[PDB]
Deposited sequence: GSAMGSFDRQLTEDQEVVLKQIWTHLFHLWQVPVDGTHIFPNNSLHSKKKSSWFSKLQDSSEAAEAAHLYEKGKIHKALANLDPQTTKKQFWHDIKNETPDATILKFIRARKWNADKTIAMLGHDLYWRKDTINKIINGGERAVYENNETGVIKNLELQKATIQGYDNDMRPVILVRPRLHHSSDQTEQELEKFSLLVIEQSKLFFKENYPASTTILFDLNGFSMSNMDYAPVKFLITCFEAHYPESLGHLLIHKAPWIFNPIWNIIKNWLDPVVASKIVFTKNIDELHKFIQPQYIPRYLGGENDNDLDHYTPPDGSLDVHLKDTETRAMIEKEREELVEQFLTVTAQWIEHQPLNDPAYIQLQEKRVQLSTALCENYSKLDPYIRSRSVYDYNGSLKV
């Protein structure tokens, strides 16, 4: 649960959003903000509620709030920035999946997929999804930076779908530097991935494991550490053997070649053959799932305004507003689970059994 002055912050964030979306609310008892005055109401509302998939609305907003240390103005500024930069580009990326990338012959993206440069390999000890990155497979010439970035965004988004109920909604990254050479170094995607987690995926990082760093990496590290904010810097751990990795990941999830028990094929990529995509063009059922969502979003907005202006926080009526918000939250996440087979092309992880939405 949340404290009173925390509840106030969360309500003020919702109130700024509601003034942008023309949802009637009175914020006095707990005129569009500068951060939102240059956004399109319709576009923002629609994109915001598409990007909510498996997380409740409150949790999605609270990620931005904590990342900005519970300062309401800074939180609404970061959130407006994100909404401006996201539009519908990332949702298109995750919904088209690897299939769209192949169908439109995006050669650089494809080479990153086929090299298995970044792959979700299971969960860490807190049930966060774990991304295995192997920089020794990287060559700046293999792709454009835009392709590299589109691939990175796709992998990040995929790992968001692995987030478990009642477990931290964040991704751990294992950087295996075995066989890393300057041949492989590329400061540009480092910078992008620092910049993009900082402004677009608040509170989405769990652990940053840097495994068997060779000596040539220490000067590079002296640069990269300068670019990090202190919380991301707090997340980084250097490990040198499998016993150290064991403290963060269960042996069933660590690749065999690292000392673990995971016998996944890391040298041969198996793209999604598309045979689980049958619901992608049941258009009418999709439309009925999306109408359910539209109604559940309207109700959520309604009750959330109610809960914003209601005084006091003792009240039995307040108890009912809170419980209704939680049940509408639950209903929205279940509705997204139902909608998932109908908008999203299946990933290699839906096929190999590892992912269930």
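**Q** Where are the gaps relative to the deposited sequence?
**A** Since the structure holds only modelled residues, the stretches it omits are 1-9, 40-73.
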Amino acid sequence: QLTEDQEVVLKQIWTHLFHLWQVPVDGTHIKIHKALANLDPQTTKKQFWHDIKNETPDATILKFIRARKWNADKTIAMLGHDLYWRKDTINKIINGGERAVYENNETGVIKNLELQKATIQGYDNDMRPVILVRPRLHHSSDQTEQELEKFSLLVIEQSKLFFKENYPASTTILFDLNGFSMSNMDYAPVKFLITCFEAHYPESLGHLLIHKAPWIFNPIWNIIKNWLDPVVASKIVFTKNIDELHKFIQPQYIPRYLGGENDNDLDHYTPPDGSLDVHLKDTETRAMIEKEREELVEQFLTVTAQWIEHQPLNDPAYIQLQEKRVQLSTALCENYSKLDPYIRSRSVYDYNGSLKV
From here on, numbers count along this sequence of modelled residues.
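**Q** Please work out which of 172-180 and 275-283 has the higher mean CA B-factor as recorded in the PDB entry.
**A** Stretch with the greater average CA B-factor: 275-283.
**Q** If you take the mean CA temperature factor per stretch, which one wins between 82-90 and 211-219?
**A** Stretch with the higher mean C-alpha B-factor: 82-90.
**Q** By the entry's C-alpha temperature factors, tell me which of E145, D265, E106, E203 sits highest.
**A** Spelled out: the listed residue with the top C-alpha B-factor is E145.
**Q** Sorting by Cα B-factor within the chain, modelled residues only, which third would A233 end up in: lowest, middle or highest?
**A** Its C-alpha B-factor, which the entry lists for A233, ranks in the highest third among residues of this chain.
**Q** Relative to the other modelled residues of the same chain, rank the CA B-factor of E165 and answer lowest, middle or highest third.
**A** Ranked within chain, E165 CA B lands in the highest tercile.
**Q** By its CA B factor, does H33 count among the lowest, middle or highest third of the modelled residues in the chain?
**A** It falls in the top third of the chain.
**Q** Is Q306 in the lowest, middle or highest third of its chain when residues are ranked by C-alpha B-factor?
**A** Within its chain, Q306 is a highest-third residue by C-alpha B-factor, going by the deposited values.
**Q** Comparing against every modelled residue in the chain, figure out the third that the C-alpha B-factor of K291 lands in (lowest, middle or highest).
**A** CA B-factor rank for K291: middle third.
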